[PDB]
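Labels run A, B, C, D, E and F following the written order; every chain starts at residue 1.
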Amino acid sequence: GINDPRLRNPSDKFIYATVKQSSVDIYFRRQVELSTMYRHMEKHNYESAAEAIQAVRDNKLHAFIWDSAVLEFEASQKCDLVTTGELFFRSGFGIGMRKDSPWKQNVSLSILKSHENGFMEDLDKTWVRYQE
Amino acid sequence: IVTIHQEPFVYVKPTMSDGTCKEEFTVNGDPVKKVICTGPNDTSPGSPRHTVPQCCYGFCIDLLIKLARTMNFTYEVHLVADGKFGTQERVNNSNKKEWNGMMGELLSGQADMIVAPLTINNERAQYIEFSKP
Amino acid sequence: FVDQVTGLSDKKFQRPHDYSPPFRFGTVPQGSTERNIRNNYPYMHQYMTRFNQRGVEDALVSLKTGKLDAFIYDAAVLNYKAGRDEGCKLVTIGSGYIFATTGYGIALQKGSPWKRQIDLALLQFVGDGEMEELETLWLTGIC
Amino acid sequence: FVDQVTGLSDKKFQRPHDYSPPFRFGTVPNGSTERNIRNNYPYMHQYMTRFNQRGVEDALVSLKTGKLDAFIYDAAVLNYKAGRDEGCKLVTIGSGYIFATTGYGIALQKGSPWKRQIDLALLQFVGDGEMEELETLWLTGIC
Amino acid sequence: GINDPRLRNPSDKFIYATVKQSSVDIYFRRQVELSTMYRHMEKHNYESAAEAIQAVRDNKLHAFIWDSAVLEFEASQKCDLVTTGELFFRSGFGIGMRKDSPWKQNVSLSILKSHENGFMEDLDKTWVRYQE
Amino acid sequence: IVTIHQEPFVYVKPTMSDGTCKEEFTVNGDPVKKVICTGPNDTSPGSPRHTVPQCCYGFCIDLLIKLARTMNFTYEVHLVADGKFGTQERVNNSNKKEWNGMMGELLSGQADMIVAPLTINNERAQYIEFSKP
């Protein structure tokens, strides 16, 4: 995970980055002790995630910073792709919305109705839990 | 509706014959609920850019289909012009702050509801609103 | 897990002809460590005068590229250099046992009223673990 | 490590008469977990009526004595109870993936103006590691 | 060391204490987040450190917070007594001095003169450095 | 000069016959430069009255001998009455936190300079000044 102190001062043997103009860039711009990595990975940011997956598959990288279930799905696709053990910034994907609008209450209530039953579990059975 | 091509979430795949999706089945025979979205290519001056419609399915697409099944409302899924989520980026003249990506298409009125793998943080919730994750 | 050098006053430190290869070490020029050596061993400074170098990371590169074998400097700075070492290759000798054993501080003018306030504030900052938190933040003693 | 139950959709959760050991599952009374049960499996509530209990620590003692076999509660509270359990003889199933997967929050009055400031302050508390610092302080990650 | 949660949440068999009215009690009384140990160490406060050594040798004490030199010396003397390595509250042993007095500067310069040469090394060779 | 019983710093032993000390030799033949300290047998409940000049030596004793050889003064070595370092503990009248131990003997004029393993912290330096460790 992130608590490897040798990645705090990276070099040409630690080639890792994140997606250009992603949320990872803002999250590493806020935390000041992650500034040095922020001053390294700004030299190698990529336009999309699949380009980074194809780059790290050919060993043109060494690590990659991304969300959990996407990288677990990529590990279920390709066995050489391995997620690390540590975990940080435990947050949530929700629905991006407008300002004051009549789609605030019932959208959240419908998502929560999908949480109370096993419909989110069925959607996990479609793609998230699904191994190959 | 705007979204980005996320490989475990939003599968975007070109059409088979004429603006239509191949009816693919799952392991249980459940038909994959696909939608006719609109997908532009990444480099518009690098190649002849057509902006053809395309097929969108997967995790968040089926979540949106369930949401449209719940409340009576139609939808039009389109995609982002450039593959960025959206960041608080400063423009060159007068050092003014602006937004790009899906948030840049949201605040410009081009979008109405972002159903996409969007990460909740502090700087986004100051300007837009968030449902429960 | 061995000891190449015993301490500051090793028996090898009296003659380079006692060494079978030509031994080399170094410090930083015009430092207080050099003044401590000159007030302890002037002959050690006379051997080191032919073996000077430029700076900290210059000596670090000379240690990595095999141009240098030892480097005498402050304790915690070399502990941090071992913390940022490429795979714990360069290892210090002990933890400050056969050495000068001093500390840092804040230099003030003689008779300044800021002395007692800074003294009590630093002894309060040690007394609540906040200095240990700063040492955890800025000094990572790996391996 | 082995897991005899691999989710809430297990075949053993249908009826303990179906299998040769009749086991017991435990919940807490008057909770939203029971509302999730009664909106998912009313028969699970009907057999929980056979297998009720009173106290969370009392149910912990009943698990330690073997009078109770399975137990159903929230995630982080049972994770903290397993983090301070003597011997770590009580292990959960996974890390919350075949489950409800909700979150704890701050409930306010409907139409209160304090919602936006509390939401911005909590999202500031998440995105700087201070929330993770408090989680490290108030949870034990052993065994 | 101090990072054991068994000492953060003690029991009736993890008997840790300190010398009564020492710097350990002051340092664990200032830190209110270490108040729990402050509730425990009052059970078995002793007078001299040799009483604590005889208690921990006969397994009456299970842990004992103390300065490093005396415990490392007793570990050099007795093989069964084992110290730990988690060092905390790096302090100094200094000569206890008066108020404004004409011995504050001369004695301090003499101690620093003892620091610059190898006289502290000779004092280590008397009792401190030699292992047994 | 006041100190406290710690064996790797101040070895405390009764005398050989009366006042004189054992001429002990180290591993290099060095005679241990001892001092005739004045100490009690035990505390006041344990020992009613047994306070004799005893032999004291070791680490801080040799440090004090080096200081007495460096600067031009003679000295006097005694012991602490109780078995405490000294803390700012409450007294009965006026609910005031008074001192005890080595600091209680220093501030009462019974000592002149504490040469002892004094753990430097804030509260001890809030009243008296220190030296370099």
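Criterion: a contact is a pair of C-beta atoms (placed from the backbone, for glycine too) under 8 Å apart; a residue touches a chain by one contact, two chains touch by 3 or more.
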| item | value |
| --- | --- |
| Required steps from chain C to chain E (each step between touching chains, minimum) | 1 |
| Chain pair showing more contacts of the two, B-D and E-F | E-F |
| Euclidean distance of C-alpha centroids - chain D vs chain E, Å | 44 |
| Approximate Å spacing (C-alpha centroids) for the pair chain A, chain B | 17 |
| Whole-Å separation of chain centres (CA-atom averages), chain C against chain F | 35 |
| Mean-CA-position distance for chain C and chain B (Å) | 58 |
| Multi-partner residues of chain D (at least 2 other chains) | 103, 126-127 |
| Set of chain E residues in contact with two or more other chains | 26-27, 91-92, 112, 115 |
| Residues of chain C engaged with two or more neighbouring chains | 103, 126-127 |
| Full enumeration of touching chain pairs | A-B, A-C, A-D, B-D, C-E, C-F, D-E, E-F |
| Chain C residues within the chain F interface of the complex | 103, 119-120, 123-124, 126-127 |
| Chain A-facing residues of chain D, complex | 9, 36, 39-40, 97-98, 100-103, 126-129, 132 |
| Chain E contact footprint on chain C (complex, rising order) | 8-9, 36, 39-40, 97-98, 100-103, 126-129, 131-132 |
| Complex contacts: residues of chain B adjacent to chain A | 5-9, 26, 42, 58-59, 62-63, 66-67, 70-71, 83-89, 100-103, 106, 112-124, 128-133 |
| Residue ranges of chain A touching chain D (in the complex, touch as defined) | 27, 30-31, 88-92, 115-118, 120-121, 124, 129 |
